[PDB]
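Encoded as structure tokens, the following chain is the form deposited without the DNA, with no partner shown.
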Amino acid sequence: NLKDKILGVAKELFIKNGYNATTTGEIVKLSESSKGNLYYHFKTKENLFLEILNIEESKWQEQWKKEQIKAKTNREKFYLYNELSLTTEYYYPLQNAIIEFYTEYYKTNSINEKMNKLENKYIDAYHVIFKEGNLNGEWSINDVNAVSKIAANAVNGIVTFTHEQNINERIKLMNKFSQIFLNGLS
């Protein structure tokens, strides 16, 4: 494909480099396509980027739904989601670029928007898990929205700022995290 082949190349650079880093020049020279191409569906370069962010979040959320089945209690769904976060090839590998992207677009208002709409998906999984856990009586949270935001950010932190040491050590910490977090909910 083409419209779907650019996405694929940019994704690679954005990760393999960063937002500021990788450039529309490089995107094109490693992919092969005129400039305008990136102008219809791809308004700006930050449009191509918010696009990739959309796919990835979709894909990771899809995979998680095709995987949460292995977890009976929501308590277990919480643990599972946090460990899978460490291994997916989706979304989380773009956190640095995103961090960077935000530190240079928070100055526009069209940014504090999309970058905040994508946040709804991001925290949704925890919302379902947490609200469902309330219905299922596993715990009793009155500020589900706050708790979901906190879990998602905390977890994205462990996933993102421990990205150097051994994966089993990480999975270990993440499980100890899920342990402590949930134990503090009640």
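Don't overthink the numbering: it's just position in the shown sequence, from 1. The term rigid core refers to the maximal set of C-alpha atoms that superpose within 1.5 Å between the two forms.
Per the entry, higher mean C-alpha B factor between 95-103 and 75-83
Between 75-83 and 95-103, it is 95-103.
Mind pulling up the entry and telling me whether 28-36 or 154-162 has the higher mean Cα temperature factor?
The deposited B-factors put 28-36 ahead on the C-alpha mean.
From 59, 131, 43, 121, residue of greatest CA B-factor
In this record, 43 carries the highest C-alpha B-factor of the candidates.
Ordered by C-alpha B-factor within the chain, which third holds residue 185? Give me lowest, middle or highest, please.
Middle third of the chain for residue 185's C-alpha B-factor.
Thinking about Cα B factors across the chain, which third does residue 117 belong to?
As the PDB entry reports it, the C-alpha B-factor of residue 117 lands in the highest third of its chain.
Would you mind checking where the Cα B-factor of residue 21 ranks among the modelled residues of its chain, as the lowest, middle or highest third?
It belongs to the highest third of the chain when residues are ordered by C-alpha B-factor.
Although not depicted, the form solved in complex with the DNA is the subject of the following passage.
Using a 4.5 Å heavy atom cut-off, which of 123-131, 31-39, 65-73, 144-152 contacts the DNA in the deposited bound form?
Partner-contacting stretch among the options: 31-39.
Can you pick out, from 136, 140, 58, 44, the residue that has a heavy atom within 4.5 Å of the DNA in the deposited bound form?
Only one listed residue qualifies here, and that residue is 44.
Would residue 2 show up as a contact with the DNA in the deposited bound form if we use heavy atoms at 4.5 Å?
Residue 2: contacts the DNA in the deposited bound form.
Tell me, yes or no, whether residue 22 is in contact with the DNA in the deposited bound form, where a contact means a heavy atom of each within 4.5 Å.
Taking the distances in the deposited bound form, the answer for residue 22 is yes, it comes within 4.5 Å of the DNA.
Residue 31: CA shift of at least 2 Å between the shown form and the other one after core fit?
Yes, its C-alpha moves 2 Å or more.
Threshold 2 Å Cα movement between the shown form and the other one at residue 73, rigid core reference:
No.
Residue 98: Cα shift of 2 Å or greater between the shown form and the other one (core-aligned)
Moves: no, less than 2 Å.
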